[PDB]
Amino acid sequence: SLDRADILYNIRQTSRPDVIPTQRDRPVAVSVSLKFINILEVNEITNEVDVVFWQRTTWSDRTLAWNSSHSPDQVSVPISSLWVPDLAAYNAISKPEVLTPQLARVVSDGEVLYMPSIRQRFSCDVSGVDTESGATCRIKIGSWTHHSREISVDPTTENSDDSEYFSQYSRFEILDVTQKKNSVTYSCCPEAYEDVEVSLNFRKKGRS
């Protein structure tokens, strides 16, 4: 009968926080999905928005796996004990303020789930925020230092309901969210960095 302590100790002994856990020469498949919680500050003049979102991050490290028939199937682990993908929002203009305890969930099969609530300010299109059509703010998120052969990022294919966890008390409302995959290259070099482009279509609530 394994206990939570044994599970953590095993993770510590095999997990290498600064070493990407590539199997063979294949990329690590990171799933990335934003659930928007609040839109706090919007500036149509500067084209800047301040947003709060849960950044659901999923990937696999099979070296962490254990046998969970007669033991817990999942444990909470501080991210300092784990390798974590070096995700960056490419159009952010502030560092991400992580609001929640920095713990990830590891499952007996080796799936890791890290989902911090983040508050961050972005440069994006705020034109039309006070119209019926609303504004569309595009947020690009991907690895900062790992190219397509080392990390691939994919939008999760979950749920669908956009305003599901969104504050009813915000001054804004969400019309639609669409998450699509992209791939930026830099003229310096031949490698491609995969990203997810989250399109946030929102507008001021108005009237009453």
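All residue numbers are counted from 1 along the displayed sequence.
The mean C-alpha temperature factor is higher for 180-188 when 180-188 and 12-20 are set side by side. Higher mean CA temperature factor between 156-164 and 46-54: 156-164, per the PDB entry. Reading the B-factor column for the CA atoms of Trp144, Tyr169, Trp66, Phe36 in the entry, the top value corresponds to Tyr169. The residue among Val32, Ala29, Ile139, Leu175 whose C-alpha atom has the highest B-factor in the PDB entry is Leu175. The entry lists a Cα temperature factor for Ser127 that places it in the middle third of the chain's modelled residues. Placement of the Cα temperature factor of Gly110 within the chain: middle third of the modelled residues, per the deposited record. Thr100: CA B factor lies in the lowest third for its chain, per the PDB record.
Sort the chain's modelled residues by C-alpha temperature factor and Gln74 lands in the middle third, per the entry.
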